[PDB]
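Listed here are the chains, written in short residue letters.
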Amino acid sequence: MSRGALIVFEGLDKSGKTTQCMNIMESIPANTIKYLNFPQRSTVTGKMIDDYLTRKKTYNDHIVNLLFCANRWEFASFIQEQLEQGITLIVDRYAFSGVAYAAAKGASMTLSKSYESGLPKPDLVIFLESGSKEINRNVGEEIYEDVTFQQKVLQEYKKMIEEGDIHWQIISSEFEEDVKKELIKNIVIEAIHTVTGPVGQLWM
Amino acid sequence: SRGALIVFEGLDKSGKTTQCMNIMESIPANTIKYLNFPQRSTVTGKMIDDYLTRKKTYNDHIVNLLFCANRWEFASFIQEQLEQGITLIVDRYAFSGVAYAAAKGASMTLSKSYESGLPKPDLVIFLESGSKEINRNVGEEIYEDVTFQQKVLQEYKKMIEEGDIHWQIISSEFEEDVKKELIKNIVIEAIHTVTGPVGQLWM
Ligand SMILES: Cc1cn([C@H]2C[C@H](O)[C@@H](COP(=O)(O)OP(=O)(O)O)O2)c(=O)[nH]c1=O
Ligand SMILES: Cc1cn([C@H]2C[C@H](O)[C@@H](COP(=O)(O)OP(=O)(O)O)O2)c(=O)[nH]c1=O
Ligand SMILES: [Mg+2]
């Protein structure tokens, strides 16, 4: 009824989403909103994923895919609990990143979704488009920062946004940083003030 | 001589845990450790327990994945113990994962690709189940269903066939003392013939 809102930020690498989360966190009542990032590096799967992303260890595509997904499931209760307590979660990447990136590497879009099926359903999923100055920002320091791979990931994101069962909001890359900041700031506080009812389930 | 990775498999109520403890008592507690899957001390381990005892539900795909990730959380632990000379007695492993996922309808090939890369066991002891064991599956936990167990056994056999890993089936016709002694022996024998590096399962 007056639960917190579950707001997710999605986007390619270098889309500036991490920066947009900081902004929102700073422009909202401290003791009523938390930040949550995936992969969540404070767990064992989280550290294995950190080892894979930082080149210091390899795993088959399938295994990383499930590690990322299990990583999220470890927090399915944490998320649901916070929301029921009135705490709003600003989530950096969620099941959508998982599906987009897995499918970009070759996995089935639909099989991937069933692995995220049941996770707390976001109320809003803000996608930060990245222009060609941001797309070519991927020098390649982490394992997923190539150029045609980022374009294949972009395609998967599009398929999902075009399904329509999830309330997405795309913020054009063409806004000025100060405008982007105010745009997001207003839609987010709006979601916090009006969010009601129980926490739904994703893709079920 | 590194540690031997010895895995125990079998249907529900087959006496796995019992035999695994029998080994833990008859062998020098120092060079041997017990590892139980699902390892219920982790966050995924507890979600698995809640699923098994019907406290929570998840799609089949999610349960398959939790079990799998649950083993991967310990993939490094395992490999580090083997090389430090410690032998691992493991209650259920990758084989349980594929056998139970497939009985539910998953592709065995796909299931195996998720276990692909874990430390390869040096010996897998399969505890065959008799009528008494089979009948002990009365629905207490979510998979203890006689007819479901039968299809899990089909998956187990399918894997036994592939001449990949080293399997040993222990007859359900042996009595407790001879059974305990037999396993104690193939296990002791296994610990002392281990050579080469730790392999990779279905790589
Ligand atoms: C959450 C998630 C992230 N990823 C990738 C996105 C990034 O390439 C990498 C790190 O994500 P993240 O921690 O958000 O860092 P960044 O600022 O680069 O986005 O993990 C997946 O492949 N699958 C997933 O499920
Ligand atoms: C390891 C594993 C176990 N299981 C099931 C086997 C059992 O039905 C259940 C509990 O196993 P376990 O904790 O070993 O107890 P027991 O073998 O006596 O039943 O977990 C899977 O379905 N997949 C797996 O990957
Ligand atoms: Mg059981």
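Residues numbered from 1 in each chain as written, not as in the entry; some residues may be left out. Chains lettered and ligands numbered in written order. Heavy atoms only, no water. Residues with missing side-chain atoms left out of burial classes, pairs and counts.

By the method listed in its record, X-ray crystallography, this PDB entry was determined to a resolution of 2.4 Å.

Per the PDB entry, chain B goes by THYMIDYLATE KINASE and derives from Vaccinia virus copenhagen. Under Pathway, UniProt gives the following word-for-word description of chain B: "Pyrimidine metabolism; dTTP biosynthesis." The record in UniProt for chain B states the following under Subunit: "Homodimer; the dimer arrangement is orthogonal and not antiparallel as in human enzyme." (UniProt positions renumbered as here; feature names shortened; annotations may be inferred.)

By the naming in the PDB entry, chain A is THYMIDYLATE KINASE, taken from Vaccinia virus copenhagen. Taken from UniProt, the Function comment for chain A reads in full: "Poxvirus TMP kinase is able to phosphorylate dTMP, dUMP and also dGMP from any purine and pyrimidine nucleoside triphosphate. The large substrate specificity is explained by the presence of a canal connecting the edge of the dimer interface to the TMP base binding pocket, canal not found in the human homolog." Under the Pathway heading, UniProt states for chain A: "Pyrimidine metabolism; dTTP biosynthesis."

1. Focus on the overall build of chain A
Scanning chain A for helices and strands turns up nine helices and five strands. Tracing chain A from N to C terminus, the helices and strands come up as β-α-β-α-α-α-β-α-α-β-α-α-β-α. Taken against the 2.2 N^0.38 rule, which gives 17 Å for 204 residues, the C-alpha radius of gyration of chain A at 16 Å falls within 12% of a compact globule. Put simply, of all contacts in chain A between residues at least 6 apart along the chain, 83% involve residues at least 24 apart. (Helix = DSSP H or I, 4+ residues; strand = E, 2+ residues; numbered from the N terminus. Rg over C-alpha atoms; globule rule 2.2 N^0.38 Å. Contact = heavy atoms within 4.5 Å.)

2. Quick word on the interface of chain B and chain A
The partner chain A presents 19 residues to the 19 residues of chain B that form the contact. Here chain B meets chain A over a buried area of about 1700 Å², counting both sides, of which 71% is carbon and sulfur. Contact with chain A buries area across many residues of chain B, yet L65, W72 and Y114 of chain B alone supply 32% of it, more than any other trio. Our count for the contact surface shared by chain B and chain A stands at zero salt bridges. On the surface where chain B and chain A come into contact, there are four residue pairs in polar contact. (Buried area = accessible area lost by both parts, 1.4 Å probe. Salt bridge = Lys/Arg side-chain N within 4 Å of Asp/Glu carboxyl O. Polar contact = N/O pair within 3.5 Å; in protein donor to acceptor, adjacent residues only side chain to side chain.)

3. Brief notes about the packing of aromatic side chains
Tallying each qualifying case throughout the model produces 27 aromatic pairs over all chains. Where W73 of chain A meets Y58 of chain B, the ring centres are 5.5 Å apart and the plane angle is 85 degrees; that geometry is what we call edge-to-face. On the criterion of chain membership, the pair formed by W73 of chain A in helix α3 (residues 61-73) and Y58 of chain B in the loop between α2 (43-52) and α3 (60-72) is interchain, its members lying in two chains. Side by side, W73 of chain A and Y58 of chain B carry an identical accessibility label, which is buried. (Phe/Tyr/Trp six-rings, centres within 6.5 Å; stacked < 30°, edge-to-face > 60°. Buried < 20%, exposed > 50% of the residue type's maximum accessible area, 1.4 Å probe, protein only.)

4. Observations concerning the coordination of the magnesium ion (ligand 3)
All names here are of chain B. Distances from the magnesium ion (ligand 3) to its protein donors, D12 (OD) and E144 (OE), fall at 2.3 to 2.5 Å. Taken together, the positions of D12 in the loop between β1 (5-9) and α1 (16-25) and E144 in the loop between α7 (131-135) and α8 (146-161) put the pair 132 residues apart, joining distant regions of the chain. Neither residue differs from the other here; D12 and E144 are each classed as buried. (Donors = N, O, S within 2.8 Å, 3.2 Å for Na, K, Ca; no water.)

5. Some thoughts on the sheet that holds β1 of chain B
Residue and element names in this part refer to chain B. Reading across from one edge, β2-β3-β1-β4-β5 is the order of the five strands in this open sheet, with parallel pairing throughout. Two strands in the sheet have a free side with no partner beyond their single neighbour: β2 (32-36) and β5 (167-170). Put simply, the sheet's adjacent strands are angled 20 degrees from each other on average, direction ignored. For β1 and strand β3 (residues 87-91), the ladder comprises four bridges, and the chain directions are parallel. (Pairing = 2+ DSSP bridges. Axes fitted to C-alpha atoms, helices over the stretch in contact; angles between N-to-C directions.)

6. Some thoughts on the site of ligand 2
Residue and element names in this part refer to chain B. Neighbouring ligand 2 are 14 residues, the closest being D12, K16, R40, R71 and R92. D12 is positioned with one of its side-chain polar atoms (N or O) 2.6 Å from an oxygen atom of ligand 2. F37 places a main-chain nitrogen or oxygen 3.5 Å from an oxygen atom of ligand 2. Across the complex, the protein chains shield 91% of the 540 Å² of accessible surface that ligand 2 would expose by itself. Broken down by secondary-structure element, the contributors of at least two residues to the shell around ligand 2 are α3 and α5 (94-103). Residues belonging to the shell around ligand 2 are distributed by class as follows: six nonpolar, two polar and six charged. (Near = heavy atom within 4 Å. Areas by Shrake-Rupley, 256 points an atom, 1.4 Å probe, with all protein chains shown as cover. Nonpolar A, V, L, I, M, F, W, Y, C, P; charged D, E, K, R; others polar.)

7. As for the environment of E173 of chain B
Summarising the element assignment, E173 of chain B is placed in the loop between β5 and α9 (176-191). With a relative accessible area of 71%, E173 of chain B lands in the exposed category.

8. A short note on the packing of helix α5 (residues 95-104) of chain A against helix α8 (residues 148-161) of chain A
Residues and elements named next belong to chain A. Where α5 contacts α8, the two axes come as close as 8 Å, and the packing angle between them is 130 degrees. As far as their axial angle goes, α8 and α5 are oblique. Viewed along their axes, α5 and α8 form a crossing whose handedness is right-handed. Counted together, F96, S97, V99, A100, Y101, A103 and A104 of α5 and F149, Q150, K152, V153, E156, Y157 and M160 of α8 form the full contact between these two elements. Classifying every residue of the contact of α5 with α8 gives ten nonpolar, two polar and two charged. (Parallel < 35°, antiparallel > 145°, perpendicular 65-115°, else oblique. Left-handed = near helix turned anticlockwise from the far one by under 90°.)

9. With respect to the site of ligand 1
Residues and elements named next belong to chain A. Near ligand 1, the surroundings consist of 17 residues, among which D13, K17, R72, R93 and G98 are the closest. The side chain of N37 places a nitrogen or oxygen atom 3.4 Å from an oxygen atom of ligand 1. Backbone polar atom of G98 to an oxygen atom of ligand 1: 3.2 Å apart, as the coordinates give it. Relative to its unbound accessible surface of 540 Å², ligand 1 loses 91% to contact with the protein.

10. Overview of the packing of α3 of chain A against α3 of chain B
Where α3 of chain A contacts α3 of chain B, the two axes come as close as 9 Å, and the packing angle between them is 100 degrees. What the angle tells us is that α3 of chain A and α3 of chain B run roughly perpendicular. Residue-level contacts link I63, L66, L67, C69, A70 and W73 of chain A of α3 of chain A to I62, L65, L66, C68, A69 and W72 of chain B of α3 of chain B.

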